[PDB]
file structure_15.cif (mmCIF, C-alpha atoms)
data_query
#
loop_
_atom_site.label_atom_id
_atom_site.label_comp_id
_atom_site.auth_asym_id
_atom_site.auth_seq_id
_atom_site.Cartn_x
_atom_site.Cartn_y
_atom_site.Cartn_z
CA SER A 1 -17.47 -15.52 0.11
CA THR A 2 -17.49 -13.40 3.26
CA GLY A 3 -15.13 -12.41 6.03
CA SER A 4 -15.65 -11.14 9.56
CA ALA A 5 -12.95 -9.90 11.93
CA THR A 6 -13.01 -8.22 15.31
CA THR A 7 -11.38 -4.79 15.55
CA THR A 8 -10.02 -3.70 18.93
CA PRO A 9 -9.10 -0.23 20.26
CA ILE A 10 -5.37 0.14 20.73
CA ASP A 11 -5.75 2.09 23.98
CA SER A 12 -8.29 3.38 26.49
CA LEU A 13 -9.06 6.45 24.32
CA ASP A 14 -9.87 4.57 21.09
CA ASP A 15 -6.98 6.39 19.40
CA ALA A 16 -7.10 3.74 16.64
CA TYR A 17 -8.34 0.21 16.11
CA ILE A 18 -6.39 -2.90 15.11
CA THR A 19 -7.68 -5.96 13.26
CA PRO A 20 -5.72 -9.23 12.93
CA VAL A 21 -4.70 -10.07 9.36
CA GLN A 22 -3.10 -13.31 8.18
CA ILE A 23 -0.30 -12.80 5.65
CA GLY A 24 1.67 -15.52 3.87
CA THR A 25 2.11 -19.29 4.16
CA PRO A 26 2.32 -20.36 6.90
CA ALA A 27 0.23 -17.49 8.13
CA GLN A 28 1.94 -14.57 9.84
CA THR A 29 -0.65 -12.63 11.82
CA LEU A 30 -0.16 -8.88 12.04
CA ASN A 31 -2.49 -6.38 13.66
CA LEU A 32 -3.33 -3.75 11.08
CA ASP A 33 -5.09 -0.40 11.17
CA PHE A 34 -7.94 -0.67 8.66
CA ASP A 35 -8.00 2.76 7.00
CA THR A 36 -10.85 3.80 4.72
CA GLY A 37 -8.92 7.02 4.07
CA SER A 38 -5.97 5.40 2.28
CA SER A 39 -5.31 2.64 -0.21
CA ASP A 40 -2.04 0.89 0.71
CA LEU A 41 -1.65 -2.35 2.66
CA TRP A 42 1.77 -1.88 4.22
CA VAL A 43 3.46 -3.72 7.06
CA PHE A 44 6.42 -3.55 9.36
CA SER A 45 8.76 -6.20 8.07
CA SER A 46 12.14 -7.91 8.21
CA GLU A 47 13.25 -5.13 5.82
CA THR A 48 12.30 -2.27 8.15
CA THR A 49 15.26 -0.28 9.46
CA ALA A 50 15.94 -1.98 12.77
CA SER A 51 16.10 1.23 14.82
CA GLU A 52 12.58 2.08 13.58
CA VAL A 53 11.04 -1.14 14.93
CA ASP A 54 10.02 -0.98 18.60
CA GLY A 55 7.73 -3.85 19.59
CA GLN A 56 5.74 -4.32 16.37
CA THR A 57 5.17 -7.72 14.84
CA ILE A 58 6.94 -7.99 11.50
CA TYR A 59 6.18 -9.74 8.24
CA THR A 60 9.13 -11.79 7.02
CA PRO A 61 8.52 -12.56 3.33
CA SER A 62 11.43 -15.02 3.11
CA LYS A 63 9.50 -17.30 5.50
CA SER A 64 6.38 -17.30 3.32
CA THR A 65 6.31 -19.90 0.57
CA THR A 66 3.69 -17.84 -1.30
CA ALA A 67 5.50 -14.48 -1.16
CA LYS A 68 6.87 -13.14 -4.43
CA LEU A 69 8.82 -9.93 -4.88
CA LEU A 70 6.97 -7.52 -7.15
CA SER A 71 10.00 -6.65 -9.24
CA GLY A 72 10.81 -2.97 -9.43
CA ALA A 73 7.81 -1.84 -7.38
CA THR A 74 8.23 0.75 -4.62
CA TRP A 75 5.83 2.69 -2.47
CA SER A 76 5.89 5.85 -0.40
CA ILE A 77 3.04 7.44 1.50
CA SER A 78 2.45 10.49 3.66
CA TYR A 79 -0.60 10.78 5.88
CA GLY A 80 -2.67 13.74 6.99
CA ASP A 81 -1.06 13.63 10.44
CA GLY A 82 2.40 14.10 8.94
CA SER A 83 3.48 10.47 9.36
CA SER A 84 4.95 8.48 6.50
CA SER A 85 6.45 5.18 5.39
CA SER A 86 8.01 3.66 2.28
CA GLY A 87 9.51 0.47 0.92
CA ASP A 88 9.22 -2.31 -1.63
CA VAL A 89 6.40 -4.70 -2.54
CA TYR A 90 5.61 -8.40 -2.39
CA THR A 91 2.51 -10.24 -3.49
CA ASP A 92 1.24 -12.82 -1.04
CA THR A 93 -1.88 -14.45 0.32
CA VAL A 94 -3.79 -12.23 2.74
CA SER A 95 -6.79 -13.33 4.78
CA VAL A 96 -9.11 -11.20 6.94
CA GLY A 97 -11.66 -12.94 9.11
CA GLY A 98 -11.77 -16.03 6.89
CA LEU A 99 -11.79 -14.16 3.56
CA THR A 100 -8.70 -14.90 1.46
CA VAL A 101 -7.13 -12.93 -1.39
CA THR A 102 -4.28 -14.46 -3.35
CA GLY A 103 -1.78 -12.18 -5.05
CA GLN A 104 -2.45 -9.24 -2.75
CA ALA A 105 0.15 -6.49 -2.85
CA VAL A 106 1.80 -6.42 0.59
CA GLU A 107 3.91 -3.28 0.87
CA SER A 108 6.96 -4.01 3.01
CA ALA A 109 8.26 -1.01 4.92
CA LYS A 110 11.93 -0.18 4.68
CA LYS A 111 11.36 3.14 6.50
CA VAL A 112 8.65 4.38 8.85
CA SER A 113 8.31 7.75 10.54
CA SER A 114 8.70 8.19 14.27
CA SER A 115 4.99 8.05 15.07
CA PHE A 116 4.75 4.53 13.64
CA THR A 117 7.84 3.36 15.54
CA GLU A 118 6.46 4.85 18.74
CA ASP A 119 3.17 2.93 18.46
CA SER A 120 4.03 -0.69 19.24
CA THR A 121 0.40 -1.81 18.80
CA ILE A 122 0.08 -1.10 15.06
CA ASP A 123 1.92 -3.46 12.71
CA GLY A 124 0.84 -1.63 9.56
CA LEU A 125 -2.19 -0.30 7.70
CA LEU A 126 -4.76 -1.94 5.45
CA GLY A 127 -6.20 0.69 3.16
CA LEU A 128 -9.85 0.57 2.14
CA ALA A 129 -10.22 3.77 0.12
CA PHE A 130 -10.30 3.56 -3.67
CA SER A 131 -7.37 1.94 -5.45
CA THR A 132 -6.72 5.14 -7.42
CA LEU A 133 -4.93 6.41 -4.27
CA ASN A 134 -2.55 3.44 -4.03
CA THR A 135 1.04 4.67 -4.04
CA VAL A 136 2.81 1.67 -5.64
CA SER A 137 4.99 2.70 -8.57
CA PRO A 138 5.39 2.10 -11.45
CA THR A 139 2.35 -0.21 -11.42
CA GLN A 140 -0.43 0.87 -9.10
CA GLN A 141 -1.87 -1.94 -6.96
CA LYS A 142 -5.39 -2.75 -5.83
CA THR A 143 -6.69 -2.74 -2.26
CA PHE A 144 -7.69 -5.90 -0.43
CA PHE A 145 -11.36 -5.00 -0.91
CA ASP A 146 -10.91 -4.35 -4.63
CA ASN A 147 -9.20 -7.72 -5.03
CA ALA A 148 -11.86 -9.54 -3.01
CA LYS A 149 -14.93 -7.73 -4.35
CA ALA A 150 -15.82 -10.05 -7.23
CA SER A 151 -15.74 -13.07 -4.91
CA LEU A 152 -17.86 -11.52 -2.15
CA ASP A 153 -21.52 -12.44 -1.80
CA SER A 154 -22.26 -8.68 -2.01
CA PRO A 155 -19.65 -6.04 -2.99
CA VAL A 156 -19.63 -4.33 0.41
CA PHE A 157 -17.75 -4.08 3.65
CA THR A 158 -19.04 -2.72 6.94
CA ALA A 159 -17.40 -0.91 9.85
CA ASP A 160 -18.90 -1.35 13.32
CA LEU A 161 -16.42 0.37 15.63
CA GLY A 162 -16.91 0.15 19.36
CA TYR A 163 -16.73 2.87 21.97
CA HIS A 164 -14.11 1.73 24.46
CA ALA A 165 -14.86 -1.79 23.25
CA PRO A 166 -14.20 -4.16 20.35
CA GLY A 167 -16.20 -3.99 17.15
CA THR A 168 -16.32 -5.69 13.77
CA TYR A 169 -15.29 -5.35 10.12
CA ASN A 170 -17.42 -7.55 7.85
CA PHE A 171 -16.76 -8.20 4.16
CA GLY A 172 -19.37 -9.39 1.72
CA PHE A 173 -22.51 -9.15 3.85
CA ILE A 174 -24.57 -6.82 6.02
CA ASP A 175 -25.25 -8.18 9.52
CA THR A 176 -28.86 -7.13 10.09
CA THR A 177 -28.52 -7.87 13.83
CA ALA A 178 -25.75 -5.28 14.24
CA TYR A 179 -27.83 -2.10 13.92
CA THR A 180 -31.19 -0.62 14.90
CA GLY A 181 -33.77 0.83 12.55
CA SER A 182 -32.87 1.09 8.88
CA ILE A 183 -29.69 1.90 6.98
CA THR A 184 -29.83 5.28 5.20
CA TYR A 185 -27.73 5.32 2.06
CA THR A 186 -26.15 8.46 0.67
CA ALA A 187 -24.22 9.32 -2.47
CA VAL A 188 -20.44 9.02 -2.71
CA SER A 189 -17.98 10.92 -4.86
CA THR A 190 -14.85 8.95 -5.72
CA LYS A 191 -13.21 11.92 -7.49
CA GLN A 192 -10.61 12.35 -4.70
CA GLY A 193 -10.22 8.61 -4.10
CA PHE A 194 -12.11 8.74 -0.79
CA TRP A 195 -15.49 7.63 0.54
CA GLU A 196 -16.62 11.23 0.17
CA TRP A 197 -20.22 12.15 0.96
CA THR A 198 -22.33 15.12 2.04
CA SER A 199 -23.89 15.28 5.50
CA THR A 200 -27.17 17.15 5.65
CA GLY A 201 -26.36 19.08 8.81
CA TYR A 202 -25.87 18.89 12.54
CA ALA A 203 -27.18 19.57 16.02
CA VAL A 204 -25.40 20.25 19.31
CA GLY A 205 -26.86 18.46 22.31
CA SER A 206 -30.61 18.95 22.52
CA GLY A 207 -30.43 21.95 20.19
CA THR A 208 -32.27 22.37 16.93
CA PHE A 209 -30.92 20.71 13.82
CA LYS A 210 -29.14 23.04 11.38
CA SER A 211 -29.69 22.00 7.78
CA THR A 212 -26.44 22.61 5.94
CA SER A 213 -24.39 20.56 3.51
CA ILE A 214 -21.08 19.29 4.90
CA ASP A 215 -18.88 17.48 2.40
CA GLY A 216 -16.45 15.09 4.03
CA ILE A 217 -14.88 11.65 4.05
CA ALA A 218 -15.70 8.53 6.05
CA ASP A 219 -12.21 7.72 7.37
CA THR A 220 -11.72 4.88 9.85
CA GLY A 221 -8.02 5.75 10.00
CA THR A 222 -8.55 9.18 11.54
CA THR A 223 -9.33 9.29 15.26
CA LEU A 224 -11.32 12.51 15.56
CA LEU A 225 -14.18 14.34 13.83
CA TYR A 226 -12.90 17.31 11.80
CA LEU A 227 -15.59 19.78 10.70
CA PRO A 228 -15.84 23.41 9.57
CA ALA A 229 -14.75 26.02 12.12
CA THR A 230 -18.30 27.42 12.36
CA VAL A 231 -19.73 24.03 13.36
CA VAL A 232 -16.91 23.28 15.80
CA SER A 233 -17.23 26.70 17.44
CA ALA A 234 -20.98 26.14 17.89
CA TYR A 235 -20.27 22.80 19.59
CA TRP A 236 -17.59 24.00 22.01
CA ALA A 237 -19.54 27.15 22.88
CA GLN A 238 -21.85 24.79 24.79
CA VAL A 239 -19.03 23.58 27.07
CA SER A 240 -18.13 25.98 29.88
CA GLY A 241 -14.45 26.80 29.78
CA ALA A 242 -13.75 25.22 26.41
CA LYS A 243 -11.31 27.08 24.21
CA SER A 244 -9.16 26.64 21.14
CA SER A 245 -5.52 26.36 22.22
CA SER A 246 -2.87 27.10 19.60
CA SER A 247 -0.20 25.63 21.88
CA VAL A 248 -2.08 22.36 22.34
CA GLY A 249 -3.29 22.25 18.72
CA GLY A 250 -7.07 22.34 19.05
CA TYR A 251 -10.04 22.71 21.33
CA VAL A 252 -9.50 21.73 24.96
CA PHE A 253 -12.07 21.69 27.73
CA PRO A 254 -12.15 21.23 31.51
CA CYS A 255 -11.87 17.56 32.33
CA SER A 256 -14.64 18.17 34.90
CA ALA A 257 -17.14 18.96 32.12
CA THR A 258 -20.05 16.85 30.94
CA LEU A 259 -19.96 17.06 27.14
CA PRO A 260 -23.10 17.45 25.01
CA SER A 261 -23.84 15.04 22.23
CA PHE A 262 -23.30 15.92 18.58
CA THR A 263 -25.74 14.86 15.86
CA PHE A 264 -24.96 14.66 12.14
CA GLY A 265 -27.40 14.22 9.28
CA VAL A 266 -27.37 11.39 6.78
CA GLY A 267 -30.15 12.30 4.41
CA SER A 268 -33.24 12.66 6.56
CA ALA A 269 -31.69 10.36 9.19
CA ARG A 270 -29.67 11.41 12.23
CA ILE A 271 -26.65 9.80 13.92
CA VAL A 272 -26.11 10.88 17.53
CA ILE A 273 -22.56 10.91 18.92
CA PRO A 274 -22.86 10.76 22.73
CA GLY A 275 -20.89 13.40 24.56
CA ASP A 276 -18.56 10.86 26.18
CA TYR A 277 -17.30 9.86 22.73
CA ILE A 278 -15.90 13.40 22.35
CA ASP A 279 -13.65 13.21 25.44
CA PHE A 280 -10.04 12.35 24.57
CA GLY A 281 -8.72 12.83 28.05
CA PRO A 282 -6.01 14.93 29.63
CA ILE A 283 -3.75 16.77 27.21
CA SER A 284 -0.80 15.51 29.27
CA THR A 285 -0.67 13.06 32.13
CA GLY A 286 -2.33 14.53 35.21
CA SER A 287 -3.65 17.65 33.49
CA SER A 288 -7.18 18.86 34.17
CA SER A 289 -7.38 20.16 30.58
CA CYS A 290 -8.86 17.55 28.25
CA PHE A 291 -8.57 17.25 24.47
CA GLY A 292 -11.72 17.53 22.40
CA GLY A 293 -12.81 14.92 19.91
CA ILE A 294 -14.42 17.44 17.53
CA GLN A 295 -11.83 19.71 15.92
CA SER A 296 -11.70 22.24 13.11
CA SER A 297 -10.88 21.03 9.61
CA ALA A 298 -9.92 24.56 8.54
CA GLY A 299 -6.23 23.64 8.27
CA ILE A 300 -6.80 20.32 6.47
CA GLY A 301 -8.69 21.13 3.28
CA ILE A 302 -11.35 18.46 3.83
CA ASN A 303 -13.84 17.51 6.52
CA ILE A 304 -13.19 14.11 8.08
CA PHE A 305 -15.82 11.88 9.67
CA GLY A 306 -13.29 9.92 11.67
CA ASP A 307 -13.71 7.31 14.36
CA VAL A 308 -15.50 9.67 16.78
CA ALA A 309 -18.34 9.87 14.24
CA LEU A 310 -18.17 6.44 12.67
CA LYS A 311 -18.21 4.52 15.95
CA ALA A 312 -21.65 6.00 16.69
CA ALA A 313 -22.97 4.16 13.61
CA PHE A 314 -23.04 0.95 11.68
CA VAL A 315 -21.45 2.02 8.40
CA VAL A 316 -21.82 0.29 5.03
CA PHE A 317 -19.11 0.89 2.43
CA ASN A 318 -20.99 -0.14 -0.69
CA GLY A 319 -18.55 -0.90 -3.52
CA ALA A 320 -21.17 -1.48 -6.18
CA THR A 321 -20.57 -0.06 -9.66
CA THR A 322 -21.77 3.27 -8.29
CA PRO A 323 -20.44 3.28 -4.71
CA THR A 324 -22.56 4.59 -1.86
CA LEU A 325 -22.33 4.86 1.92
CA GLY A 326 -24.90 3.64 4.41
CA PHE A 327 -25.31 4.69 8.03
CA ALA A 328 -27.49 3.13 10.71
CA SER A 329 -27.84 3.78 14.39
CA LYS A 330 -26.91 0.91 16.66
#
call {"tool": "encode", "arguments": {"input": "structure_15.cif", "output": "structure tokens"}}
result
Amino acid sequence: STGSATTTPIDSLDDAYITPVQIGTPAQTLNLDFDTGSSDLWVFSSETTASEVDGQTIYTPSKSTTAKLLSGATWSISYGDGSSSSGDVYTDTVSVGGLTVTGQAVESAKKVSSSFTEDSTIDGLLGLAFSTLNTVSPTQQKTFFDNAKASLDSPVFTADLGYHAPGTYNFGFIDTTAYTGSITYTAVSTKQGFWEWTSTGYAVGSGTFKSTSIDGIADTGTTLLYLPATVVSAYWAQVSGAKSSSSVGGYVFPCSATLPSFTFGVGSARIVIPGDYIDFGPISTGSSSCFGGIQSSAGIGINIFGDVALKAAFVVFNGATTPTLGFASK
């Protein structure tokens, strides 16, 4: 089997991407944030505290003839941005782009943190990291990809995120028309539950490539590119007037600037992030100070190849017995 679904930016900055997902019978379509940095499929629901729902589409399990309460199961998750959610668990039929999993754990939110309530465009998350990170207790549950893998033509999914435009998540096949050149595959460590790999270095604009190992995660659920402070300083030093602002929470730059590209290594291959991809717009409405899309990871504990990086590539999440990651230009 295969599946293919369009993923659409939620706003003009590509702050996140939503993908329609069919849940239950009859289908209830919710727009979920596909997150390769986490492992829970959770949704706003008829159980969510009413004051914490503000425009989202909700899953109502009582209207699904295939929903079944997973007795005794609860879940609770906290994300790197400080947001969180928790609730109980149903199993139900879940389809993405024509690919159907029966018995998928659908985590129904009873509580969500303010940032979820305040984003009316995201009806939940669909985690695509490794199932070892799934938070369901007392019986950990598998991701949608883990449940579908055996049925897929090939045990892979691909992320093709657009810059200011829709893109595609494919399951079970690699669309050879969706990228240029060849796909360069690189080793993955699953020890932390993530699609964790080592970049071979970087360049800033037209500058020379610096060969240096950068361990990080391929995380479709993080907007920005978070890299070591040395690398990020070298990037922003090429932008007149750029500075790290403690009050804003990262590097800002004059909105009048033209940003240089940023290149990262995948083996001997190179992925070029155009400068425009690094502009996240005024820090507040009407400001001439703009927020940078490359930020220091020094306060995180891990480097994150988020959307800013991944949308410059066609990315293969290879879930073979030994997982690997592939990157192509496009």
call {"tool": "resolve_selection", "arguments": {"input": "structure_15.cif", "expression": "the PyMOL selection byres ((chain A and resi 54) around 8)", "output": "PyMOL selection string"}}
result
chain A and resi 51-53+55-56+117-120
call {"tool": "resolve_selection", "arguments": {"input": "structure_15.cif", "expression": "the PyMOL selection byres ((chain A and resi 60) around 6)", "output": "MDAnalysis selection string"}}
result
chainID A and resid 45:46 59 61:63
call {"tool": "atom_distance", "arguments": {"input": "structure_15.cif", "atom1": "CA of residue 325 (chain A)", "atom2": "CA of residue 185 (chain A)"}}
result
5.4 Å
call {"tool": "atom_distance", "arguments": {"input": "structure_15.cif", "atom1": "CA of residue 251 (chain A)", "atom2": "CA of residue 126 (chain A)"}}
result
29.8 Å
call {"tool": "closest_atom_pairs", "arguments": {"input": "structure_15.cif", "of": "region 123-227 of chain A", "to": "region 104-114 of chain A", "cutoff": "12 Å", "atoms": "only C-alpha atoms", "output": "tab-separated table"}}
result
residue	atom	partner	partner_atom	distance
A:123	CA	A:109	CA	10.3
A:124	CA	A:109	CA	8.8
A:125	CA	A:107	CA	9.6
A:126	CA	A:106	CA	9.3
A:127	CA	A:106	CA	11.0
A:131	CA	A:105	CA	11.6
A:134	CA	A:105	CA	10.4
A:135	CA	A:107	CA	9.8
A:136	CA	A:107	CA	8.3
A:137	CA	A:107	CA	11.2
A:139	CA	A:105	CA	10.9
A:140	CA	A:105	CA	9.7
A:141	CA	A:105	CA	6.5
A:142	CA	A:105	CA	7.3
A:143	CA	A:104	CA	7.8
A:144	CA	A:104	CA	6.6
A:145	CA	A:104	CA	10.0
A:146	CA	A:104	CA	10.0
A:147	CA	A:104	CA	7.3
A:148	CA	A:104	CA	9.4
call {"tool": "residues_near_point", "arguments": {"input": "structure_15.cif", "point": "(4.9, -20.4, 6.5)", "cutoff": "9 Å", "atoms": "all atoms listed in the file", "output": "list in words"}}
result
residues 24, 25, 26, 27, 28, 63, 64, 65 and 66 of chain A
call {"tool": "atom_distance", "arguments": {"input": "structure_15.cif", "atom1": "CA of residue 81 (chain A)", "atom2": "CA of residue 288 (chain A)"}}
result
25.1 Å
call {"tool": "closest_residue", "arguments": {"input": "structure_15.cif", "among": "A:326, A:250, A:207, A:221", "to": "residue 238 (chain A)", "atoms": "all atoms listed in the file"}}
result
A:207
call {"tool": "residues_near_point", "arguments": {"input": "structure_15.cif", "point": "(-19.3, -17.0, 3.0)", "cutoff": "9 Å", "atoms": "only C-alpha atoms", "output": "ChimeraX atom specification"}}
result
/A:1-3,98-99,152-153,172-173
call {"tool": "residues_around", "arguments": {"input": "structure_15.cif", "residues": "residue 183 (chain A)", "least_positions_apart": "4", "cutoff": "9 Å", "atoms": "all atoms listed in the file", "output": "PDB file with C-alpha atoms, in the frame of the given file"}}
result
ATOM      1  CA  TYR A 179     -27.830  -2.100  13.920  1.00  0.00           C
ATOM      2  CA  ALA A 269     -31.690  10.360   9.190  1.00  0.00           C
ATOM      3  CA  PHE A 314     -23.040   0.950  11.680  1.00  0.00           C
ATOM      4  CA  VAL A 315     -21.450   2.020   8.400  1.00  0.00           C
ATOM      5  CA  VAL A 316     -21.820   0.290   5.030  1.00  0.00           C
ATOM      6  CA  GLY A 326     -24.900   3.640   4.410  1.00  0.00           C
ATOM      7  CA  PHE A 327     -25.310   4.690   8.030  1.00  0.00           C
ATOM      8  CA  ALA A 328     -27.490   3.130  10.710  1.00  0.00           C
ATOM      9  CA  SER A 329     -27.840   3.780  14.390  1.00  0.00           C
TER      10      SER A 329
END
call {"tool": "closest_residue", "arguments": {"input": "structure_15.cif", "among": "A:175, A:88, A:219, A:35", "to": "residue 195 (chain A)", "atoms": "all atoms listed in the file"}}
result
A:219
call {"tool": "closest_residue", "arguments": {"input": "structure_15.cif", "among": "A:49, A:38, A:213, A:190", "to": "residue 231 (chain A)", "atoms": "all atoms listed in the file"}}
result
A:213
call {"tool": "resolve_selection", "arguments": {"input": "structure_15.cif", "expression": "the PyMOL selection byres ((chain A and resi 293) around 7)", "output": "PyMOL selection string"}}
result
chain A and resi 224-225+278-280+291-292+294-295+308
call {"tool": "residues_around", "arguments": {"input": "structure_15.cif", "residues": "residue 274 (chain A)", "least_positions_apart": "6", "cutoff": "12 Å", "atoms": "all atoms listed in the file", "output": "PyMOL selection string"}}
result
chain A and resi 163+203-206+258-264+293-294+308-313+329
call {"tool": "closest_residue", "arguments": {"input": "structure_15.cif", "among": "A:217, A:299, A:275, A:209", "to": "residue 249 (chain A)", "atoms": "only C-alpha atoms"}}
result
A:299
